[PDB]
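As structure tokens, the structure follows; a few thoughts come after it.
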Amino acid sequence: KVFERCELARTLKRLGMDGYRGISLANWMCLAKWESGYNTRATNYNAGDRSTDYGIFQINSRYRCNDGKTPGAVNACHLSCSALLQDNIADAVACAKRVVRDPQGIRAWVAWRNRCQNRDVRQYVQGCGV
């Protein structure tokens, strides 16, 4: 599913993401926007290390979810990567929460450093009533 912006913001709010480990809903929305365009079917294959990033948060198969085909992998979310391509983002949100329990928090998504950190991210939740 490709979420509409405020649709996703409300969904993430209902799923307990606002302020999770200090992270505002707008920062989660910025992450989803840049990682996937709010698309739960997004995938990106990383030829350099044989891993794949999956779903709305682009969770990686070398470190976070299991897809079988990625060498030297650990499954920190204890999830099949297929669970991260669903329209129902509950499993994705559970994994994202697990990612940000690591010390780096949301900086675990390196691109979030580039696209979101130390910026005005209020536009991602403007008008959504969250």
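Residues are referred to by chain and number: the chain letter is A, B, ... according to the order shown in the structure tokens, the number counts from 1 in that chain, and ligands are numbered separately from 1 in the order shown.
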Problem set entry | Selection near region 69-82 of chain A, 12 Å with only C-alpha atoms, sequence-local residues under 5 positions removed, as a PyMOL selection string | chain A and resi 40-43+45-64+87-102
For this session: From a DSSP pass on the backbone, collect the residues of region 12-117 of chain A flagged as strand (DSSP E) and hand them back as a list in words.
Result: residues 43, 44, 45, 46, 51, 52, 53, 54, 59 and 60 of chain A
Exercise. Near residue 22 (chain A), counting only C-alpha atoms, which residues have an atom at most 12 Å away, once you skip same-chain residues fewer than 3 positions from it, shown as number ranges by chain?
Worked result: A: 16-19, 25-28, 97, 100-101, 104-106
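Comparing the minimum interatomic distances between residue 122 (chain A) and each of A:65, A:34, A:24, A:7, counting only C-alpha atoms, we find that A:24 sits nearest.
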Exercise. Hey, what's within 10 Å of residue 5 (chain A) if we count only C-alpha atoms and toss same-chain stuff fewer than 2 positions away? As an MDAnalysis selection string, please?
Worked result: chainID A and resid 2:3 7:11 29 32:33 37:38 124:128
For this session: May I have all residues of chain A that DSSP, computed from the backbone, assigns to helix (DSSP H, G or I), given as number ranges by chain?
Result: A: 5-14, 25-36, 81-85, 90-99, 105-108, 110-115, 122-124
Exercise. Could you name the residues that touch residue 118 (chain A) at 12 Å or less, counting only C-alpha atoms, but leaving out those on the same chain fewer than 5 positions away, as a ChimeraX atom specification?
Worked result: /A:27,30,107,112-113
Limited to C-alpha atoms, could you put the picked residues into a file as a PDB file, in the first residue's frame?
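So the final result, stored in result33.pdb, reads:
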ATOM      1  CA  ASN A  27      10.671  12.280  12.641  1.00  0.00           C
ATOM      2  CA  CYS A  30      10.390  11.984   7.619  1.00  0.00           C
ATOM      3  CA  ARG A 107      20.258   7.307  13.604  1.00  0.00           C
ATOM      4  CA  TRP A 112      17.822   9.712   8.371  1.00  0.00           C
ATOM      5  CA  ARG A 113      21.060  11.536   9.354  1.00  0.00           C
TER       6      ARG A 113
END
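The spacing separating CA of residue 44 (chain A) from CA of residue 23 (chain A) amounts to 24.8 Å.
Going from CA of residue 4 (chain A) over to CA of residue 67 (chain A), you cover 27.7 Å.
We find CA of residue 31 (chain A) and CA of residue 129 (chain A) to be spaced 19.0 Å apart.
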